[PDB]
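Chemist: can you look at this? It's an experimental structure, sequence on top.
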Amino acid sequence: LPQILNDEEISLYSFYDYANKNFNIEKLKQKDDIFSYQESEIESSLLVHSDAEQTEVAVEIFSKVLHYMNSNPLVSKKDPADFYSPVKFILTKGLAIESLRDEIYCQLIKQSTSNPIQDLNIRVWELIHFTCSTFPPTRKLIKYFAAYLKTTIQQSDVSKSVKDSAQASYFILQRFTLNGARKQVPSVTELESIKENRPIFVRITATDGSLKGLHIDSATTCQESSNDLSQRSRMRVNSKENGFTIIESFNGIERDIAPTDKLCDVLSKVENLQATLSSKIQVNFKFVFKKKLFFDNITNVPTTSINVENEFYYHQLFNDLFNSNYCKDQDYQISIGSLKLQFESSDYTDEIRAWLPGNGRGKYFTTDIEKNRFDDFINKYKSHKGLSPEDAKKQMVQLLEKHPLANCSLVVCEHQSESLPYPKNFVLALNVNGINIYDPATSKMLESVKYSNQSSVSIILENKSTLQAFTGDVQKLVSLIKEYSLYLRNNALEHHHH
Ligand SMILES: N[C@@H](CCC(=O)O)C(=O)O
């Protein structure tokens, strides 16, 4: 909700004043009024650039503005990549080069000034809206541009389509001011939504496998979406308290999304990755809503909300304990999996036994279990005869909670030390007590490293030596160390009483 410009300031930011002062007037010869719509290509840039190459790129940008302005609107469905090709050229240049951003905006203000055709003016406003959704003008133009938007919205004799685009452009500029910069050029899907002044649809998978459909905009961060999912799911409304976040998943490989990262930036990365493929492998992308942080901040305990969060965590933990990077203990896996089968299908029958091969894989037992321990699984399952769904679930929850990896943030790591007393393949299990070094081959905790000793990721051990931990997701490890350290700092502040 922060205003870029107050209504009282509109009259103090006339574009004509900005243009008279900053336009490259000496290098712009031409018969046509340089300040307003023209059909022909500009001979030089509208603004002054120090690099002659950027002046050239600015002239090229104007041709693409014309190309988009003049394109058949109904080509957008036929070949969307071709329709958005001039848009992506413009947005790529502007996002990469900050000194070229004001030039882009001025070209769009110019082409929407005294435009004689409403259909062409509608296209320029689509372009303004795509630009606003990508990068803002610099501080030297942003208030003149915000005045131009407000004048268009409140005064200008323009179409409803232009007023809607101008309103949505002002809103997204405000949204970005609050949420910070983006890193990627919008995908075709995002551009399609922006063009029509509508939200972006994203599908989030919960830990229980269920799907939640969500509407976001270009500026939507992981934190905002995590708070929205939390609130909708009837959990504690603040993801900073409940510890959940949205992660990115590609072919089962999970990557952390930072709290200020834009979900639409993950979509552009996906769009590129799914195209660069050109049919060689599967391209299974998912957003997943999972518990990342484990704070012992359960006070007025809203038990209802807490129970919803724990139910999601039990699915996540059970699935992590069926993953060989974390757990290789078959007797433990048989114990939790047989109770889950008892909870879902009740007492053993020979029909359940015939159904289990293939079907139960990754659900009630692992690959190693169906392989070498099917009768041991069945024998354990038969021992649960007479347990109600409630009692089998109670027993499964106790077994999950008793595991050393329960209520820990899990990180798969490797080390190259020829002297350190840890297996080369280890797990960092981060919780409120420390950075725990865990051996998934033996199911044993090896060491609890203090957050206080902390300044690939270099971890300072008790003996003051350094463990250089290599991982596929450094951002996750770094953020976990920072979040638990901040939580411990906040608890020390609350404990101090003058
Ligand atoms: N602050 C803007 C515009 C100043 C004006 O319009 O006087 C610039 O110098 O880039």
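Modeler: Now that the structure is in, tell me what you want to look at. Numbers count the residues shown, from 1 in each chain.
Chemist: for the protein, just list every one of the strands.
Modeler: Applying DSSP state E to the chain gives strands spanning 200-206, 211-216, 244-250, 253-255, 285-291, 409-414, 425-431, 434-439, 444-449, 457-460, 466-469.
Chemist: in TSV: these, plus mean neighbour count.
Modeler: Heads up, the C-betas are built off the backbone N, CA and C, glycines and all. Below are the strands of the chain laid out as TSV (neighbours: other Cβ atoms under 10 Å):
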stretch	mean neighbour count
strand 200-206	17
strand 211-216	14
strand 244-250	22
strand 253-255	13
strand 285-291	19
strand 409-414	20
strand 425-431	21
strand 434-439	22
strand 444-449	15
strand 457-460	16
strand 466-469	17
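Chemist: so can I have TSV of those showing distance to the ligand?
Modeler: Shown next, in TSV, are the strands of the chain (distance: least, Cβ to the nearest ligand atom, whole Å):
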stretch	distance to the ligand
strand 200-206	33
strand 211-216	33
strand 244-250	39
strand 253-255	40
strand 285-291	40
strand 409-414	47
strand 425-431	48
strand 434-439	50
strand 444-449	52
strand 457-460	43
strand 466-469	48
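Chemist: which residues touch the closest residue to the ligand within the stretch 151-300 of the chain?
Modeler: The nearest approach of the stretch 151-300 of the chain to the ligand comes at residue 151, 15.6 Å away (Cβ to the nearest ligand atom). The contact partners of residue 151, by Cβ atoms under 8 Å, 6 or more residues apart in numbering, come to residue 10.
Chemist: please renumber so the chain begins at 422
Modeler: Understood, numbering begins at 422; the last thing we discussed is residue 572.
Chemist: skipping its backbone neighbours, what lies nearest whatever residue of the stretch 522-671 of the chain ends up closest to the ligand in space?
Modeler: Proximity of the stretch 522-671 of the chain to the ligand (Cβ to the nearest ligand atom) peaks at residue 561, 3.5 Å away. Excluding the flanking residues, the one nearest residue 561 by Cβ to Cβ, 6 or more residues apart in numbering is residue 523, at 6.9 Å.
Chemist: next: residue 589.
Modeler: residue 618 (4.6 Å).
Chemist: so the one you found touches residue 584, yeah?
Modeler: No - using Cβ atoms under 8 Å, residue 618 is not in contact with residue 584, being 10.2 Å away.
Chemist: and whatever residue of the stretch 772-919 of the chain ends up closest to the ligand, what is it in contact with?
Modeler: Closest to the ligand within the stretch 772-919 of the chain is residue 896: 36.7 Å, counting by Cβ to the nearest ligand atom. Contact analysis of residue 896 by Cβ under 8 Å, 6+ apart lists 676, 677, 679.
Chemist: number of nearby residues for residue 844?
Modeler: Look at residue 844: counted by other Cβ atoms under 10 Å, it has 16 neighbours.
Chemist: do the same with residue 904
Modeler: Residue 904: 18 neighbours (other Cβ under 10 Å).
Chemist: what sits against the residue lying closest to it once chain neighbours are set aside?
Modeler: For residue 904, ignoring the flanking residues on the chain, the nearest one in space by Cβ to Cβ, 6+ apart is residue 714 at 5.6 Å. Neighbour list for residue 714: 664, 666, 830, 901, 904, 905, 908 [criterion: Cβ under 8 Å, 6+ apart].
Chemist: wait, doesn't the third one sit right on residue 854?
Modeler: No - with contact defined as Cβ under 8 Å, residue 830 does not reach residue 854; the gap is 12.0 Å.
Chemist: quick one: name the residues of the chain near the ligand.
Modeler: 438, 439, 442, 443, 561 (Cβ under 6 Å from any ligand atom).
Chemist: list the residues that contact the nearest residue to the fourth one once chain neighbours are set aside.
Modeler: Across the structure, with Cβ to Cβ, 6+ apart as the measure, the residue nearest residue 443 apart from its sequence neighbours is residue 468 (5.9 Å). The contact partners of residue 468, taken as Cβ under 8 Å, 6+ apart, are 443, 444, 445, 479, 523, 524, 527.
Chemist: swap in 7 Å and give it another go.
Modeler: 443, 444, 445, 523, 524, 527 (Cβ atoms under 7 Å, 6 or more residues apart in numbering).
Chemist: go on, residue 591?
Modeler: 567, 570, 574.
Chemist: now the strands of the chain in CSV, with distance to residue 824?
Modeler: Listed next are these as CSV, based on distance: least, Cβ to Cβ, whole Å:
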stretch, distance to residue 824
strand 621-627, 21
strand 632-637, 28
strand 665-671, 20
strand 674-676, 20
strand 706-712, 15
strand 830-835, 11
strand 846-852, 10
strand 855-860, 11
strand 865-870, 11
strand 878-881, 23
strand 887-890, 22
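Chemist: nearest spatial neighbour of residue 438, chain-adjacent residues omitted?
Modeler: residue 565 (7.6 Å).
Chemist: likewise for residue 647?
Modeler: Nearest one to residue 647, counting by Cβ to Cβ, 6+ apart, is residue 660 at 3.8 Å.
Chemist: I'd assumed residue 649 was in contact with that neighbour.
Modeler: No - applying Cβ atoms under 7 Å as the test, residue 660 and residue 649 come out as separate, 9.1 Å apart.
Chemist: more neighbours, these two?
Modeler: residue 660 (26 against 19).
Chemist: that older thread, the residue nearest to residue 561: neighbouring residues, count only.
Modeler: Residue 523, neighbours per other Cβ under 10 Å, totals 22.
Chemist: how about residue 742?
Modeler: 20.
Chemist: quick check: phi and psi on the residue nearest to it when sequence neighbours are not counted?
Modeler: In this structure, residue 742 finds its nearest non-sequential neighbour in residue 748, 4.6 Å apart by Cβ to Cβ, 6+ apart. Dihedral angles of residue 748 (phi, psi; degrees, to the nearest 10) stand at phi -140, psi 130.
Chemist: contacts only, for residue 748.
Modeler: Contacts of residue 748 by Cβ under 7 Å, 6+ apart are 742, 754, 861, 864.
Chemist: is the last one in contact with residue 750, as I believe?
Modeler: When you say that, I think you mean residue 864. Yes - shown here, residue 864 and residue 750 form a contact pair, counting by Cβ under 7 Å, at 4.9 Å.
Chemist: report the contact partners of residue 695.
Modeler: residue 704.
Chemist: how far away is it from residue 857?
Modeler: 37 Å (Cβ to Cβ, to the nearest Å).
Chemist: kindly report the same for residue 807.
Modeler: For residue 807, the distance to residue 857 - Cβ to Cβ - is 38 Å.
Chemist: how about residue 868?
Modeler: Distance from residue 868 to residue 857, by Cβ to Cβ: 7 Å.
Chemist: what do you get for residue 616?
Modeler: 50 Å.
Chemist: go on, residue 755?
Modeler: Residue 755 is 25 Å from residue 857, by Cβ to Cβ.
Chemist: next: residue 594.
Modeler: Taken as Cβ to Cβ, the span from residue 594 to residue 857 is 45 Å.
Chemist: equivalent analysis for residue 708, please.
Modeler: Distance from residue 708 to residue 857, by Cβ to Cβ: 28 Å.
Chemist: in contact with residue 489: list those residues for me.
Modeler: By Cβ under 7 Å, 6+ apart, the neighbours of residue 489 are 507, 508, 544, 548.
Chemist: mind redoing it with 8 Å?
Modeler: 507, 508, 544, 547, 548.
Chemist: swap in residue 799?
Modeler: Neighbours of residue 799 in contact, by Cβ under 8 Å, 6+ apart: 769, 774, 777.
Chemist: find the nearest non-adjacent residue to residue 490, please.
Modeler: Here the residue nearest residue 490, using Cβ to Cβ, 6+ apart, is residue 544, at 4.6 Å.
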